[PDB]
Amino acid sequence: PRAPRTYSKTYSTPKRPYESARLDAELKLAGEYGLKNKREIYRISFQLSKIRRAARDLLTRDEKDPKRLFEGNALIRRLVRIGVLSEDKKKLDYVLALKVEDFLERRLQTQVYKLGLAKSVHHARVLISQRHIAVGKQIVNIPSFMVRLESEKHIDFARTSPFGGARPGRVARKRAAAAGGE
Amino acid sequence: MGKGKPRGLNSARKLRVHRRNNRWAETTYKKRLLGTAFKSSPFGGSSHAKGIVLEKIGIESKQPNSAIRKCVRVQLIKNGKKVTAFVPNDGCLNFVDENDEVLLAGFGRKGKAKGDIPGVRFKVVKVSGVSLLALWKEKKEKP
Amino acid sequence: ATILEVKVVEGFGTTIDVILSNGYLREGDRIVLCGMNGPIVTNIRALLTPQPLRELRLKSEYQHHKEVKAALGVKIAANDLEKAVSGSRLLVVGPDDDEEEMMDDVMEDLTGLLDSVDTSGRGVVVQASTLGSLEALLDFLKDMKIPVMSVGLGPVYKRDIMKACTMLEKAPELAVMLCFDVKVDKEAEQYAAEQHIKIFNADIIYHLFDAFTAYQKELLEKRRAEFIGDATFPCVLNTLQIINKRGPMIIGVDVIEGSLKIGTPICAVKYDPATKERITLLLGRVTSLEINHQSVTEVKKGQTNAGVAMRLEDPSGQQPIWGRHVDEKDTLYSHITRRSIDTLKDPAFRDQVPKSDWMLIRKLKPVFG
Amino acid sequence: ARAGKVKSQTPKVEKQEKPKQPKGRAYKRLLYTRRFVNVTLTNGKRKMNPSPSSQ
RNA sequence: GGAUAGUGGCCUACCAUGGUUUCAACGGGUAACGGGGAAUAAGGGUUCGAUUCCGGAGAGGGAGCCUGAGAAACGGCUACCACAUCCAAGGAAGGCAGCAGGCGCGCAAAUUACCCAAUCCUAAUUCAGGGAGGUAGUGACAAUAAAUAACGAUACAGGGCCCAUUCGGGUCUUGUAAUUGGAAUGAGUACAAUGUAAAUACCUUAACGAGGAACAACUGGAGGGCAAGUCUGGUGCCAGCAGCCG
């Protein structure tokens, strides 16, 4: 009886179930970026919807007045920091027409492939899940990381682990012991 | 055209009281306030209820179609009243048995008849800690 | 490691009396015993001792031990053993293994054990203090030929009375409680009759046969007899004279063979003689009789030498007019052709019809056809 | 029978040793490659579950 | 006037006849504790709030008090009305809507565990005690994060096409095979050392750990609403499906 630990159901659902034009649209999004569920598309949909509602509240209020200016600026400073919104579009009205593709092409999933490293997209997710890729001096292992634009300069393979230095084989440990006999 | 109803700045009272009268002409509002769910509706205004089997009756379906539907007569525990439940799937009433506890449920019509069965407003679900889905798909047998 | 009884005690619920040959036990380590319908694994709740007289007998107050050592008997309080049969091997599992196997060994001793309980039979219900007496009670009622349906343990509550109330429509005198040495709430006794059991509590165990059997013989002998009437017992009658011909008919008959009744269908046959017709009606039945001034039930075989007067009612069809259709010289008989023999049998009573009879149902038919 | 005749009366056909389906992301890539990328043959309108060309 | 810690019809004595009422009094019902709030979500609104915070009632049902600054106390007392123990039959002792646990009621809800290290709390009190409170167990109540294979060359064959004297190079890219090949990995198990009141568990890792037979995803669908079979064999107004049309 101290403090009920507050939680929030983030990701939501569509209104109609079997709308065939929507199903084809969501499939090609999964086809490009190799997502497992429909939930990872709805991940953006809810989180993006919150930003639009905040913009609608600040737009309808009068300009050159307090909150509108201060709250709206902090919203834009965040979206250019994360790297979703471009640097030549800091006008509030541009935030309304953002679209889901800008968020999905700003993850630790896609940015590893476009650097190089993995190749063929789906391989990149397997490298992230298996304890490779240290962005800072610490190994990240979530696909939905969201890279911070400034931090994209440091994306390399880890010091430890394969393609690094220390850890040699597992499969080569078979061939180390076996080939040594011959 | 003043639209009948009073459109006054101090009309407040008549606007509120006129609608508490007209609210009584709606079935969901009327049955919630008066509370026939507690006083009627064989169950105790609840989702599920258990009972014991008395006999096994074959009921005839209605007009365009023609078939015997298979049903069970049940004595409810908490109320003491008697009802006529339905057993789904091919056979299945073989597993139900006579003189056994049976857990009942609704049909999904807010009362009323379902499809083509005259006066059968309940559905059989479990029989002594095992559902008819489990017994009909031979995965674990009755105790 | 052996179970002895399955007692239902206050506070603990379903306890188990064990007898220990050799071993150790502590308040915490789990066991693996045997259920009738489930392999059980569960912890020790508590551990008792008598200190130092009796095991149970009547009274109930114990010591509390954290750990015990063999060899001595002891009650074990525990959880998840609402059914847990006597004679099981109470194994232990400290650090290792999923044991069982003894499950299949001792579950063969359980399958061939409580087979007397007819799962969908026709009454009654038994409730016992211990499971040891419950086995002996079922085997006792097995040989006395009382059908036994359902079985349970512990005190009786209102939910355990409706347990045996599927037979209220059928019998209805085959739906009773045979409680072996346990009490009832009320609540339970304020639901019993009421509608309409009723309870027979006894703490011997051939009372709760004698109390049942003495009760049972009352309402099986209020079924047969009475039939009495409906069941038509045949007869033969010599018509001596005619007192009143019609409205109503009074005939001075004389009984030769068989019994008569208030409600014996009568048929005085016009002796065909070619077509085997008559035809089947002499109105009634016979409401009243008269031996001088006394109505009786009735004359058999030949109790009175003086002629008895009949009194026939008018139910179905035209009455045969006396003189034209029938006369004094015609011998009167019963109505029995076929469907009276539906009432014949009605097993267990027997008698009537008694073993001097009938004997005349070889004669019937024909007679008529 | 008057109680589940067709449940017991039918000819009993059994399961087969198929090559297992891949789960997760691999199944969605199948549906991506099947419909969009490879381009199935269609005369007029599309068809998801085909049939044998016979009456 | 009396009482009260103190105001007052709170209570008496002698007077006066007033007070509330269609702006709904008085009575009845509530499967009614009041709010801070929760659910749904254009704008307005509907429905719920036993329950982690604040206030008020009650300790089986009613009255009645003692001690203390503070109690009509109930893990204190005196009766009566229920229900209940132990009797050597003289009499003794009673109150889980605190914590576990057993009954019963039911559609419907957890272990008779470890400990005062934290949060605070009480005394004469740095030290003692605390089922307040914390730590495990049980736990598909909700919620957050996301393993079930990825890249190769061959083997099968399609797509682009320099040119299409016929070919075919195949220079570029793709999907199909119980072909195969090297590389990963925690799900596991496990010396230690962290962790902790002491232990589990997580986080870090010595050692061991994947080849389709496994380390194997279920759940409900495929006439219309509504995404998806005019597919073989059985069934023949029966057995069954079907929220509704059927």
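Read the figures in this text as sums done on the coordinates, not as results from a lab. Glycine also receives a Cβ, built like all others from the backbone with ideal geometry; neighbour counts cover every protein chain displayed.
Using the Karplus relation 6.51 cos²θ - 1.76 cosθ + 1.60 with θ = phi - 60°, the per-residue 3J(HN,Hα) values for the stretch C:251-256 come to 10, x, 7, 9, 7, 9 Hz, with x marking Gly and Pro.
Once the convex hull of all Cα atoms in the protein assembly as shown is built, its volume per residue stands at 507 Å³. Across all directions, the average projected area of the convex hull around the alpha carbons of the stretch C:53-166 is 10.7 nm². Per-residue shielding of B:89-100, expressed as the average number of other chain Cβ atoms within 10 Å of the residue Cβ, stands at 4.
What separates the Cα centres of the stretch C:316-369 and the stretch C:95-133 is a distance of 56 Å.
Dividing the convex hull volume of the alpha-carbon atoms in the stretch D:1-53 by its residue count gives 209 Å³ per residue.
Candidates A:116, A:60, A:10 compared by Cα position along the dipole of the stretch A:1-156: farthest toward the positive end lies A:10, with charges placed on Cβ. Here's the list of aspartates and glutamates a cross-link from residue C:355 could span, going by alpha-carbon distance under 20 Å and ignoring same-chain residues fewer than 8 apart: C:221, C:226, C:257, C:298, C:342, C:346. In chain B the longest region clear of GluC sites (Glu not before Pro) that are loop-assigned by DSSP and have at most 16 other C-beta atoms within 10 Å covers B:27-97.
What order, most packed first, do the peptides B:34-45, C:120-131 have when packing is the mean number of other Cβ atoms within 10 Å of each residue?
Ranking, from highest mean packing down: C:120-131, B:34-45.
Shape analysis of the stretch C:1-123 based on the Cα gyration tensor places the equivalent ellipsoid semi-axes at 25, 20, 13 Å, largest first. Sparsely packed loop sites in the stretch C:1-72 (the chymotrypsin sites (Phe, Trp or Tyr not before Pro) outside DSSP H, G, I, E and B with at most 16 other Cβ atoms within 10 Å) comprise C:62. Of the GluC sites (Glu not before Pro) found in the stretch A:1-76, the ones in coil according to DSSP and having at most 16 other Cβ atoms within 10 Å of their Cβ are A:19, A:63. Each residue of the stretch C:207-217 was assigned a 3J(HN,Hα) from its phi angle through the Karplus expression (A = 6.51, B = -1.76, C = 1.60, θ = phi - 60°), giving 7, 5, 9, 5, 5, 5, 5, 5, 5, 5, 5 Hz with x at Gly and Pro.
When each of the peptides C:267-274, D:17-24, C:79-86 is scored by the mean number of other C-beta atoms lying within 10 Å of its residues, the order from highest to lowest reads C:79-86, C:267-274, D:17-24. Averaging over all projection directions, the Cα-based convex hull of the stretch C:188-281 occupies 12.4 nm² in the image plane. The calculated Kirkwood hydrodynamic radius for chain C is 26.7 Å, given to one decimal from all distinct C-alpha pairs.
When the GluC sites (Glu not before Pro) in the stretch C:196-233 are filtered for DSSP coil states and for at most 12 other beta-carbon atoms within 10 Å of their beta-carbon, the remaining sites are C:221, C:226. The ranking of C:236, C:6, A:126 by Cβ neighbour count inside 10 Å, starting from the fewest, reads A:126, C:236, C:6. A Cα-only calculation for the stretch C:18-65 places Rg and Dmax at 13.3, 35 Å. Two tests apply to each whole DSSP H helix in chain A, Cα reach of 18 Å or more along its axis and mean Kyte-Doolittle hydropathy of at least -1.0, and the ones passing both are A:20-33, A:39-60, A:66-82. Relative to the first principal axis of the alpha-carbon coordinates of chain C, what is the inclination of helix C:102-111, with its axis defined by its Cα atoms, in degrees from 0 to 90 and to the nearest 10? Compared with the principal axis, the helix lies near 20 degrees. If you bin all the Cα-Cα distances of chain B at 5 Å, starting from zero, the percentages per bin are 2, 8, 15, 16, 14, 11, 8, 6, 5, 4, 4, 4, 3, 2, 0.
Charge dipole (Cα centre; +1 on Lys/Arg Cβ, -1 on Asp/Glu Cβ; no other charges) of the stretch B:2-143 amounts to roughly 1760 debye. With 24 Å as the limit on Cα-Cα distance, the pairs of B:30/B:50; C:222/C:345; A:9/A:114; C:145/C:217 that go past it are B:30/B:50; A:9/A:114. Along the axis of the charge dipole computed for the stretch D:1-53 (Cβ charges of +1 for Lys and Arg, -1 for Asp and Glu, origin at the Cα centre), the listed residues D:51, D:27, D:9 are led at the positive end by D:27. The amide H of residue B:126, built 1.01 Å from its N in the peptide plane, has B:103 as neighbours under 5 Å, considering only residues 5 or more places off or on other chains.
Near residue A:38, which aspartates and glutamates are there with a Cα under 18 Å away, not counting those fewer than 8 places off in the same chain? Cα-Cα hits under 18 Å: A:19, A:24, A:26, A:101, A:102, A:105. Mean sequence separation of contacting Cα pairs (under 8 Å, at least six apart), scaled by the length of the stretch B:1-90, corresponds to a relative contact order of 17 percent. Taking amide H as placed 1.01 Å from N in the peptide plane, the amide H of residue C:5 sits under 5 Å from that of C:17, each at least 5 places away or on another chain. Note on the stretch A:1-105: Cα-Cα pairs beyond 19 Å make up 56% of the total pair count.
Computed over neighbours whose Cβ is under 10 Å from that of residue A:143, the net charge equals +2, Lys and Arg +1, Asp and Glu -1. Of C:213, C:307, A:128, which is farthest towards the positive pole of the protein assembly as shown's charge dipole, taken about the Cα centre with +1 and -1 on the beta-carbons of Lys, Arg and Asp, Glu respectively? Toward the positive end, the furthest listed residue is A:128. Only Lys, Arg, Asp and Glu carry charge here, each on its Cβ (+1 for the first two, -1 for the last two); on that basis the stretch D:1-53 has a dipole of about 260 debye about its Cα centre. Here the Kirkwood formula, the inverse mean of 1/r across different C-alpha pairs, assigns the stretch C:217-367 a hydrodynamic radius of 16.4 Å. Database remark: amide H of residue C:44 closer than 5 angstrom to the amide H of C:28, C:29 (H placed geometrically; neighbours at sequence offset of 5 or more, or on other chains; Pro and chain starts carry no H). May I ask you to list the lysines whose Cα is less than 21 Å away from that of residue B:56, ignoring any residue fewer than eight positions away on the same chain? Partners within reach: B:70, B:81, B:82, B:114, B:123, B:126, B:142, C:163, C:170, D:5, D:7. If Rh is defined by the Kirkwood formula over all Cα pairs and Rg also comes from Cα, what ratio Rg/Rh do you get for the stretch A:17-182? In the stretch A:17-182, Rg relative to Rh is 1.12.
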